[PDB]
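Containing CSV, C-alpha atoms: structure19.csv.
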chain,number,residue,atom,x,y,z
A,1,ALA,CA,-14.2,86.6,65.2
A,2,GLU,CA,-16.4,84.7,62.6
A,3,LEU,CA,-19.3,86.9,63.6
A,4,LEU,CA,-17.3,90.0,63.1
A,5,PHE,CA,-15.9,88.8,59.7
A,6,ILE,CA,-19.4,87.8,58.4
A,7,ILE,CA,-20.9,91.1,59.5
A,8,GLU,CA,-18.1,93.1,57.9
A,9,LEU,CA,-18.3,91.1,54.7
A,10,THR,CA,-22.0,91.5,54.3
A,11,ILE,CA,-21.8,95.2,55.1
A,12,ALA,CA,-19.2,95.7,52.5
A,13,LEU,CA,-21.1,93.8,49.9
A,14,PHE,CA,-24.3,95.8,50.7
A,15,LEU,CA,-22.2,99.0,50.2
A,16,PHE,CA,-21.3,97.5,46.8
A,17,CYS,CA,-25.0,96.5,46.5
A,18,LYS,CA,-27.5,98.9,45.0
A,19,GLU,CA,-30.9,99.6,46.6
A,20,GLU,CA,-32.5,96.1,46.9
A,21,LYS,CA,-36.2,96.0,47.8
A,22,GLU,CA,-35.9,94.3,51.2
A,23,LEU,CA,-32.4,92.7,51.0
A,24,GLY,CA,-31.2,95.5,53.3
A,25,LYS,CA,-34.1,94.9,55.6
A,26,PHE,CA,-33.0,91.3,55.9
A,27,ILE,CA,-29.4,92.4,56.6
A,28,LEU,CA,-30.6,94.8,59.4
A,29,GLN,CA,-32.8,92.1,61.0
A,30,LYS,CA,-29.9,89.6,60.9
A,31,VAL,CA,-27.4,92.0,62.4
A,32,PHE,CA,-29.8,93.0,65.2
A,33,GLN,CA,-30.5,89.4,66.0
A,34,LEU,CA,-26.8,88.7,66.1
A,35,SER,CA,-26.2,91.7,68.4
A,36,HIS,CA,-28.9,90.5,70.8
A,37,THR,CA,-27.0,87.2,71.4
A,38,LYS,CA,-25.6,86.2,74.8
A,39,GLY,CA,-22.1,86.3,76.1
A,40,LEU,CA,-19.9,88.2,73.6
A,41,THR,CA,-17.2,90.7,74.7
A,42,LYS,CA,-16.7,94.4,75.0
A,43,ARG,CA,-14.8,95.0,71.7
A,44,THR,CA,-17.1,92.6,69.9
A,45,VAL,CA,-20.2,94.5,71.0
A,46,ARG,CA,-18.6,97.9,70.3
A,47,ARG,CA,-17.6,96.8,66.7
A,48,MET,CA,-21.1,95.4,66.1
A,49,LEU,CA,-22.5,98.7,67.4
A,50,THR,CA,-20.6,100.8,64.9
A,51,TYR,CA,-21.6,98.3,62.2
A,52,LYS,CA,-25.2,98.6,63.2
A,53,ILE,CA,-25.2,102.4,63.0
A,54,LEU,CA,-23.5,102.2,59.6
A,55,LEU,CA,-26.2,99.9,58.4
A,56,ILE,CA,-28.9,102.1,59.8
A,57,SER,CA,-27.3,105.0,57.9
A,58,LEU,CA,-27.2,103.0,54.7
A,59,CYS,CA,-30.9,102.1,55.0
A,60,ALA,CA,-33.6,104.8,54.7
A,61,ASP,CA,-36.8,103.5,56.2
A,62,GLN,CA,-37.5,101.2,59.2
A,63,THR,CA,-37.1,103.6,62.1
A,64,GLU,CA,-38.1,101.0,64.6
A,65,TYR,CA,-34.7,99.3,64.6
A,66,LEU,CA,-33.1,102.7,65.1
A,67,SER,CA,-35.4,103.5,68.0
A,68,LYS,CA,-34.5,100.2,69.6
A,69,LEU,CA,-30.8,100.9,69.0
A,70,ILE,CA,-31.0,104.3,70.6
A,71,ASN,CA,-33.0,103.3,73.6
A,72,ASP,CA,-31.5,99.9,74.5
A,73,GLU,CA,-27.9,100.4,73.4
A,74,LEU,CA,-27.3,104.0,74.5
A,75,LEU,CA,-29.4,104.4,77.6
A,76,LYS,CA,-29.5,101.0,79.3
A,77,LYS,CA,-26.0,99.5,79.0
A,78,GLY,CA,-23.1,101.5,80.4
A,79,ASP,CA,-20.6,98.8,81.1
A,80,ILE,CA,-19.8,98.8,77.4
A,81,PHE,CA,-20.3,102.5,76.7
A,82,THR,CA,-17.6,103.8,79.0
A,83,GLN,CA,-17.2,107.6,79.0
A,84,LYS,CA,-13.7,107.0,77.6
A,85,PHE,CA,-15.0,104.9,74.8
A,86,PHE,CA,-16.9,107.8,73.3
A,87,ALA,CA,-13.5,109.7,73.7
A,88,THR,CA,-11.5,107.2,71.6
A,89,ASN,CA,-11.0,107.5,67.8
A,90,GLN,CA,-14.2,105.4,67.3
A,91,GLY,CA,-16.4,107.4,69.6
A,92,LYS,CA,-16.0,110.5,67.5
A,93,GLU,CA,-16.9,108.4,64.4
A,94,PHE,CA,-20.0,107.0,66.0
A,95,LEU,CA,-21.2,110.4,67.1
A,96,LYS,CA,-20.5,111.8,63.7
A,97,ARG,CA,-22.6,109.0,62.1
A,98,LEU,CA,-25.4,109.7,64.5
A,99,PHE,CA,-25.5,113.4,63.9
A,100,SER,CA,-25.2,113.0,60.1
A,101,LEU,CA,-28.2,110.6,60.5
A,102,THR,CA,-30.0,113.4,62.2
A,103,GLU,CA,-29.9,115.6,59.1
A,104,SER,CA,-30.8,113.0,56.5
A,105,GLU,CA,-34.0,113.5,54.5
A,106,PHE,CA,-35.4,110.3,55.9
A,107,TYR,CA,-34.9,109.4,59.5
A,108,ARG,CA,-35.7,112.9,60.6
A,109,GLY,CA,-39.2,113.2,62.0
A,110,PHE,CA,-38.7,110.4,64.6
A,111,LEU,CA,-35.2,111.6,65.3
A,112,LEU,CA,-36.4,115.1,66.3
A,113,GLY,CA,-39.1,114.0,68.7
A,114,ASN,CA,-36.9,111.3,70.3
A,115,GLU,CA,-36.7,112.3,74.0
A,116,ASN,CA,-34.5,109.3,74.8
A,117,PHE,CA,-32.0,110.3,72.1
A,118,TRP,CA,-31.8,113.9,73.4
A,119,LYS,CA,-31.2,112.4,76.9
A,120,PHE,CA,-28.3,110.4,75.3
A,121,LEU,CA,-27.0,113.7,73.9
A,122,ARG,CA,-27.3,115.1,77.4
A,123,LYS,CA,-25.2,112.3,78.7
A,124,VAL,CA,-22.6,112.8,75.9
A,125,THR,CA,-22.4,116.5,76.6
A,126,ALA,CA,-21.2,115.9,80.2
A,127,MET,CA,-17.8,114.9,78.9
A,128,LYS,CA,-14.4,116.6,78.9
A,129,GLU,CA,-13.1,115.9,75.5
A,130,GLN,CA,-16.4,115.2,73.7
A,131,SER,CA,-18.0,118.5,74.5
A,132,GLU,CA,-16.7,120.6,71.6
A,133,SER,CA,-17.8,118.1,69.0
A,134,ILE,CA,-21.4,118.2,70.3
A,135,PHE,CA,-21.2,122.0,70.5
A,136,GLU,CA,-20.1,122.2,66.9
A,137,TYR,CA,-22.9,119.9,65.7
A,138,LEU,CA,-25.4,122.0,67.6
A,139,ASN,CA,-23.9,125.2,66.1
A,140,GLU,CA,-24.2,123.9,62.5
A,141,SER,CA,-27.7,122.6,63.2
A,142,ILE,CA,-28.7,126.1,64.4
A,143,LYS,CA,-27.0,127.8,61.5
A,144,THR,CA,-29.0,125.6,59.1
A,145,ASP,CA,-32.5,127.0,58.7
A,146,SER,CA,-35.2,125.8,61.1
A,147,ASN,CA,-34.1,122.2,61.8
A,148,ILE,CA,-34.0,121.8,65.6
A,149,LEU,CA,-36.5,124.6,66.1
A,150,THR,CA,-39.9,122.9,66.5
A,151,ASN,CA,-43.0,122.9,68.7
A,152,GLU,CA,-41.1,120.4,70.8
A,153,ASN,CA,-37.3,120.1,70.9
A,154,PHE,CA,-36.8,123.4,72.6
A,155,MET,CA,-36.7,122.8,76.4
A,156,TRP,CA,-34.3,119.8,75.9
A,157,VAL,CA,-31.9,121.8,73.6
A,158,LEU,CA,-32.0,124.7,76.0
A,159,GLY,CA,-31.1,122.3,78.7
A,160,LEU,CA,-28.3,121.0,76.6
A,161,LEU,CA,-26.9,124.6,76.2
A,162,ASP,CA,-27.3,125.0,79.9
A,163,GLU,CA,-25.2,121.9,80.5
A,164,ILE,CA,-22.5,123.4,78.2
A,165,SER,CA,-22.6,126.4,80.4
A,166,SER,CA,-22.5,124.1,83.4
A,167,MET,CA,-19.2,122.7,82.2
A,168,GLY,CA,-18.3,126.3,82.0
A,169,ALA,CA,-19.5,126.6,85.6
A,170,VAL,CA,-17.1,123.8,86.7
A,171,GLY,CA,-14.5,125.8,84.9
A,172,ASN,CA,-15.8,128.7,86.9
A,173,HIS,CA,-15.1,126.9,90.1
A,174,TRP,CA,-11.6,126.3,88.8
A,175,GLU,CA,-11.5,130.0,88.1
A,176,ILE,CA,-12.7,130.7,91.6
A,177,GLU,CA,-9.7,128.8,92.9
A,178,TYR,CA,-7.5,130.6,90.4
A,179,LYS,CA,-8.8,134.0,91.5
A,180,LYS,CA,-7.2,133.4,94.9
A,181,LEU,CA,-4.2,131.9,93.2
A,182,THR,CA,-3.7,135.0,91.1
A,183,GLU,CA,-4.6,137.5,93.9
A,184,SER,CA,-0.9,137.4,94.9
A,185,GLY,CA,0.3,139.0,91.7
A,186,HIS,CA,3.9,138.2,92.3
A,187,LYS,CA,4.8,135.3,90.0
A,188,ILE,CA,4.7,134.7,86.2
A,189,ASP,CA,1.2,133.8,85.2
A,190,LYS,CA,1.4,130.8,82.9
A,191,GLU,CA,-2.3,130.6,83.9
A,192,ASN,CA,-5.7,129.5,82.5
A,193,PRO,CA,-4.9,126.2,80.7
A,194,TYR,CA,-8.6,126.2,79.9
A,195,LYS,CA,-9.1,128.7,77.1
A,196,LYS,CA,-10.8,125.9,75.2
A,197,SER,CA,-13.4,125.6,77.9
A,198,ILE,CA,-13.8,129.3,78.5
A,199,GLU,CA,-14.2,130.1,74.8
A,200,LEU,CA,-16.6,127.2,74.4
A,201,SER,CA,-18.7,128.7,77.1
A,202,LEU,CA,-18.6,132.1,75.5
A,203,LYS,CA,-19.6,130.6,72.2
A,204,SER,CA,-22.4,128.7,74.0
A,205,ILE,CA,-23.8,132.0,75.4
A,206,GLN,CA,-23.5,133.6,72.0
A,207,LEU,CA,-25.4,130.6,70.5
A,208,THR,CA,-28.2,131.0,73.0
A,209,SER,CA,-28.4,134.7,72.3
A,210,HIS,CA,-28.7,134.1,68.6
A,211,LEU,CA,-31.2,131.3,69.3
A,212,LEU,CA,-33.4,133.9,70.9
A,213,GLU,CA,-33.6,135.4,67.4
A,214,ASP,CA,-34.5,132.1,65.7
A,215,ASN,CA,-38.0,131.3,64.3
A,216,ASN,CA,-39.0,134.9,64.6
A,217,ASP,CA,-42.0,134.0,66.8
A,218,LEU,CA,-43.0,131.7,69.7
A,219,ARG,CA,-45.5,131.1,72.5
A,220,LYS,CA,-43.4,133.4,74.8
A,221,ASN,CA,-42.9,130.5,77.3
A,222,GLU,CA,-39.8,129.5,75.5
A,223,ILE,CA,-38.8,133.2,75.4
A,224,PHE,CA,-39.1,133.1,79.1
A,225,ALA,CA,-37.1,129.9,79.1
A,226,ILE,CA,-34.3,131.7,77.1
A,227,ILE,CA,-34.4,134.5,79.7
A,228,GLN,CA,-34.2,131.9,82.5
A,229,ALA,CA,-31.2,130.2,80.8
A,230,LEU,CA,-29.4,133.5,80.4
A,231,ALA,CA,-30.1,134.3,84.1
A,232,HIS,CA,-28.8,130.9,85.2
A,233,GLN,CA,-25.7,131.5,83.1
A,234,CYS,CA,-25.2,134.9,84.8
A,235,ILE,CA,-25.4,133.1,88.2
A,236,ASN,CA,-22.0,131.7,87.5
A,237,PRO,CA,-19.6,133.1,90.1
A,238,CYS,CA,-16.5,133.5,87.9
A,239,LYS,CA,-15.9,137.0,86.6
A,240,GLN,CA,-15.5,136.0,82.9
A,241,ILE,CA,-18.7,134.0,82.4
A,242,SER,CA,-20.6,136.4,84.7
A,243,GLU,CA,-19.5,139.4,82.7
A,244,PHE,CA,-20.2,137.9,79.3
A,245,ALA,CA,-23.6,136.7,80.5
A,246,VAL,CA,-24.5,140.2,81.7
A,247,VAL,CA,-23.4,141.7,78.4
A,248,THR,CA,-25.3,139.2,76.4
A,249,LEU,CA,-28.4,139.5,78.5
A,250,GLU,CA,-28.3,143.3,78.1
A,251,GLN,CA,-27.8,143.1,74.3
A,252,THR,CA,-30.6,140.5,73.9
A,253,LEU,CA,-33.0,142.5,76.0
A,254,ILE,CA,-32.3,145.8,74.2
A,255,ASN,CA,-32.1,144.4,70.6
A,256,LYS,CA,-33.2,141.1,69.0
A,257,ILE,CA,-36.4,141.3,71.1
A,258,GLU,CA,-40.0,141.7,69.9
A,259,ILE,CA,-42.3,144.0,72.0
A,260,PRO,CA,-44.4,145.9,69.4
A,261,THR,CA,-47.8,144.9,70.9
A,262,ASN,CA,-47.0,141.5,69.2
A,263,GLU,CA,-48.2,138.1,70.4
A,264,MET,CA,-46.6,139.3,73.6
A,265,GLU,CA,-47.9,142.7,74.5
A,266,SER,CA,-46.6,143.5,78.0
A,267,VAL,CA,-43.2,144.6,79.2
A,268,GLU,CA,-44.7,143.6,82.5
A,269,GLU,CA,-44.5,140.0,81.1
A,270,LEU,CA,-40.8,140.2,80.3
A,271,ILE,CA,-39.9,141.8,83.6
A,272,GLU,CA,-41.9,139.3,85.5
A,273,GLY,CA,-40.3,136.4,83.6
A,274,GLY,CA,-36.9,137.8,84.3
A,275,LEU,CA,-37.7,138.4,88.0
A,276,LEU,CA,-39.2,135.0,88.8
A,277,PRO,CA,-35.8,133.2,89.0
A,278,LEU,CA,-34.3,136.2,90.8
A,279,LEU,CA,-37.1,136.5,93.4
A,280,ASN,CA,-37.6,132.8,93.9
A,281,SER,CA,-33.8,132.2,94.4
A,282,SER,CA,-33.3,135.3,96.5
A,283,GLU,CA,-31.7,135.0,99.9
A,284,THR,CA,-30.6,131.5,99.1
A,285,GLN,CA,-26.8,132.1,99.0
A,286,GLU,CA,-24.1,134.3,100.5
A,287,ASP,CA,-23.3,135.5,97.0
A,288,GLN,CA,-27.0,135.8,96.3
A,289,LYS,CA,-26.9,139.4,97.6
A,290,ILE,CA,-24.3,140.6,95.1
A,291,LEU,CA,-26.0,138.5,92.4
A,292,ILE,CA,-29.2,140.3,93.2
A,293,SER,CA,-27.4,143.7,93.0
A,294,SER,CA,-26.0,142.8,89.6
A,295,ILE,CA,-29.2,141.5,88.1
A,296,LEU,CA,-31.1,144.5,89.5
A,297,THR,CA,-28.6,146.7,87.8
A,298,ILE,CA,-29.3,144.8,84.6
A,299,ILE,CA,-33.0,145.2,85.2
A,300,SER,CA,-32.6,149.0,85.7
A,301,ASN,CA,-30.6,149.2,82.5
A,302,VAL,CA,-33.1,147.4,80.4
A,303,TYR,CA,-35.9,149.4,82.0
A,304,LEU,CA,-34.1,152.6,81.0
A,305,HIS,CA,-33.6,151.3,77.4
A,306,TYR,CA,-37.2,150.4,77.1
A,307,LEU,CA,-38.1,153.8,78.5
A,308,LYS,CA,-36.0,155.4,75.8
A,309,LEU,CA,-38.2,154.0,73.0
A,310,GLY,CA,-42.0,154.5,72.7
A,311,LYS,CA,-43.8,153.0,75.6
A,312,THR,CA,-46.0,153.8,78.7
A,313,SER,CA,-47.3,152.2,81.8
A,314,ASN,CA,-45.1,153.5,84.6
A,315,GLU,CA,-46.9,150.8,86.6
A,316,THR,CA,-43.9,148.8,85.5
A,317,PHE,CA,-41.8,151.3,87.5
A,318,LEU,CA,-44.3,150.7,90.4
A,319,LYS,CA,-43.6,146.9,90.0
A,320,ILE,CA,-39.8,147.3,90.2
A,321,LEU,CA,-40.4,149.5,93.2
A,322,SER,CA,-42.4,146.6,94.7
A,323,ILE,CA,-39.3,144.4,93.9
A,324,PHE,CA,-37.1,146.8,95.8
A,325,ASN,CA,-39.6,146.7,98.6
A,326,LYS,CA,-39.2,143.0,98.6
A,327,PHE,CA,-35.5,143.9,98.9
A,328,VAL,CA,-35.8,146.4,101.7
A,329,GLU,CA,-33.1,147.4,104.2
A,330,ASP,CA,-29.2,147.0,103.7
A,331,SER,CA,-29.4,150.4,101.9
A,332,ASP,CA,-27.7,149.1,98.8
A,333,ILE,CA,-31.1,148.5,97.2
A,334,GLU,CA,-32.0,151.9,98.5
A,335,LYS,CA,-29.1,153.7,96.9
A,336,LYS,CA,-29.7,151.8,93.6
A,337,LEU,CA,-33.3,153.0,93.8
A,338,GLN,CA,-32.2,156.6,94.3
A,339,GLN,CA,-29.9,156.3,91.3
A,340,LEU,CA,-32.5,154.7,89.1
A,341,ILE,CA,-35.2,157.2,90.1
A,342,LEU,CA,-32.8,160.0,89.2
A,343,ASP,CA,-32.2,158.3,85.9
A,344,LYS,CA,-35.9,158.0,85.3
A,345,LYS,CA,-36.4,161.7,86.0
A,346,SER,CA,-33.6,162.6,83.7
A,347,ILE,CA,-35.1,160.4,80.9
A,348,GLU,CA,-38.6,161.8,81.3
A,349,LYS,CA,-37.2,165.4,81.4
A,350,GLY,CA,-35.3,164.7,78.2
A,351,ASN,CA,-38.3,163.3,76.3
A,352,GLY,CA,-40.8,165.8,77.6
A,353,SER,CA,-38.5,168.8,76.9
Using structure tokens, write down the structure that the file contains.
Amino acid sequence: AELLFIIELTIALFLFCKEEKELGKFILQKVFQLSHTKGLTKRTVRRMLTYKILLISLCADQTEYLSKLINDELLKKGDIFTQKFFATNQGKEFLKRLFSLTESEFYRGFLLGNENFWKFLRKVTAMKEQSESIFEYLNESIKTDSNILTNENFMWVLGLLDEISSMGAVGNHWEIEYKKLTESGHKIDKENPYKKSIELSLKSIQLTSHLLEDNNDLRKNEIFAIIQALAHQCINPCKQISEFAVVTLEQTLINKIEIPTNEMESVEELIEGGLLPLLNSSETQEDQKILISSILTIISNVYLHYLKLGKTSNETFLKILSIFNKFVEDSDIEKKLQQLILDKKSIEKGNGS
């Protein structure tokens, strides 16, 4: 109790204090040393944790203490950072303080390239009632110009959005159960007590789609990563997420895409990047067949859309034919091939005539 009282009193007086040369440095060192003591309790360490993050916010420089806080406190100990603790009224405050730190003029360069911190955000994302706050923080960070978009801090954030869609996927398993539940069609619905989760997933997919537009250029490996993320979102069995993922994939491919002999100069590149997850994961599931049918339909549609504009190299058509040869027999790939070759003939007749 005395430790808590002294810490609160000194923090309050520092709040009343005005930009001392190192006084704040001394305060931070003392609070860190007091935190690293032995024994203590759960509430005590939690209160000193929030006091520590408040002090870090109040100070500007000295990133090393913040790095130690992130690493040791967030990643190592879990007996004090229960998943419910972040869900209490103080967990939201702590997360808000952390994110508001992430946008400060100081404490930004280290906070961006801070792999352990993004892993902590990954852990926080896998939570029922703390997901929407993280999603909102990511949404506002994306809306702000540049920010997260860097040479690094792309694969991790894409994985974070993928984990949001994975929460959507557990909702999709719920929806798989509810599909059979609603197949009767005899009783009053009162159904889907998960519009929060479903709409969160839809907004996540939209956020990824808009993220494909950000920064206006890239090394095309992260563009392939965006395509991969959209494909993995489309793998989701439930009809709602699958449908919105298909629609978003089609829209992103047709528009908001750069293929004017730019850094990336081959539609072959985009089709190969799209196909790699589809070919590698082919024949790995019972639903993999219908997934292949759907994604090949998407591929045919995007190929037709690209054919509509100015382009050449029907060797891309040869390559998709090779894909269909990798998907021989069954006759559904065969009938889709007949339909798409008819469509290609119609498009070529329309442009030539």
Contacts of range 32-40 of chain A at 9 Å (all atoms listed in the file; same-chain gap of 5+ positions) as a PyMOL selection string: chain A and resi 3+27+45+48-49+52+65+69
Shortest interatomic distance to residue 4 in chain A - which of A:215, A:50, A:208, A:313, counting all atoms listed in the file: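 Nearest candidate to residue 4 in chain A out of A:215, A:50, A:208, A:313: A:50.
Nearest to residue 66 in chain A of all the residues A:101, A:279, A:95, A:160 is A:101, based on all atoms listed in the file.
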Residue 167 in chain A surroundings by only C-alpha atoms, 9 Å radius, close-in-sequence under 4 positions cut, as a list in words: residues 125, 126, 127, 128, 131, 162, 163, 171, 172, 197 and 201 of chain A
Nearest to residue 290 in chain A, chosen from A:41, A:314, A:182, A:236, with all atoms listed in the file counted in the distances: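 Ranking A:41, A:314, A:182, A:236 by distance to residue 290 in chain A, first place goes to A:236.
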Nearby residues, (-29.6, 133.8, 72.8) file frame, 10 Å, all atoms listed in the file, as a PyMOL selection string: chain A and resi 158+204-214+223+226-227+229-230+248-249+251-253+256
Selected residues written out, C-alpha atoms, as a PDB file, in the frame of the given file:
ATOM      1  CA  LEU A 158     -32.000 124.700  76.000  1.00  0.00           C
ATOM      2  CA  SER A 204     -22.400 128.700  74.000  1.00  0.00           C
ATOM      3  CA  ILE A 205     -23.800 132.000  75.400  1.00  0.00           C
ATOM      4  CA  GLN A 206     -23.500 133.600  72.000  1.00  0.00           C
ATOM      5  CA  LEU A 207     -25.400 130.600  70.500  1.00  0.00           C
ATOM      6  CA  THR A 208     -28.200 131.000  73.000  1.00  0.00           C
ATOM      7  CA  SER A 209     -28.400 134.700  72.300  1.00  0.00           C
ATOM      8  CA  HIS A 210     -28.700 134.100  68.600  1.00  0.00           C
ATOM      9  CA  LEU A 211     -31.200 131.300  69.300  1.00  0.00           C
ATOM     10  CA  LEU A 212     -33.400 133.900  70.900  1.00  0.00           C
ATOM     11  CA  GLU A 213     -33.600 135.400  67.400  1.00  0.00           C
ATOM     12  CA  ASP A 214     -34.500 132.100  65.700  1.00  0.00           C
ATOM     13  CA  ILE A 223     -38.800 133.200  75.400  1.00  0.00           C
ATOM     14  CA  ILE A 226     -34.300 131.700  77.100  1.00  0.00           C
ATOM     15  CA  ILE A 227     -34.400 134.500  79.700  1.00  0.00           C
ATOM     16  CA  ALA A 229     -31.200 130.200  80.800  1.00  0.00           C
ATOM     17  CA  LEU A 230     -29.400 133.500  80.400  1.00  0.00           C
ATOM     18  CA  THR A 248     -25.300 139.200  76.400  1.00  0.00           C
ATOM     19  CA  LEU A 249     -28.400 139.500  78.500  1.00  0.00           C
ATOM     20  CA  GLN A 251     -27.800 143.100  74.300  1.00  0.00           C
ATOM     21  CA  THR A 252     -30.600 140.500  73.900  1.00  0.00           C
ATOM     22  CA  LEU A 253     -33.000 142.500  76.000  1.00  0.00           C
ATOM     23  CA  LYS A 256     -33.200 141.100  69.000  1.00  0.00           C
TER      24      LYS A 256
END
Pick from A:80, A:270, A:155, A:70 nearest to residue 110 in chain A, counting all atoms listed in the file: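 That would be A:70, the residue with the smallest distance to residue 110 in chain A.
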Atom-to-atom span, CA of residue 122 in chain A and CA of residue 164 in chain A, Å: 9.6 Å
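The shortest atom-to-atom distance to residue 195 in chain A, with all atoms listed in the file taken into account, belongs to A:168 out of A:183, A:216, A:168, A:100.
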Distance of CA of residue 133 in chain A from CA of residue 146 in chain A, expressed in Å to one decimal place: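 Pair CA of residue 146 in chain A / CA of residue 133 in chain A returns 20.6 Å.
When all atoms listed in the file are used to compute distances to residue 154 in chain A, the closest of the residues A:222, A:315, A:115, A:287 turns out to be A:222.
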Within 12 Å of residue 351 in chain A using only C-alpha atoms, minus same-chain residues under 6 positions, as a ChimeraX atom specification: /A:307-311,344-345
Atomic distance CA of residue 269 in chain A - CA of residue 281 in chain A, expressed in Å with one decimal: 18.8 Å
Residues within 10 Å of residue 235 in chain A, only C-alpha atoms, excluding chain neighbours under 5 positions, as a list in words: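 Selected residues are residues 169, 229, 230, 241, 242, 245, 246, 278, 287, 288, 291, 292, 294 and 295 of chain A.
For range 20-25 of chain A, the residues within 10 Å (counting only C-alpha atoms, excluding itself and residues fewer than 4 positions away along the chain) are residues 11, 14, 29, 30, 31, 55, 56, 58, 59, 60, 61 and 62 of chain A.
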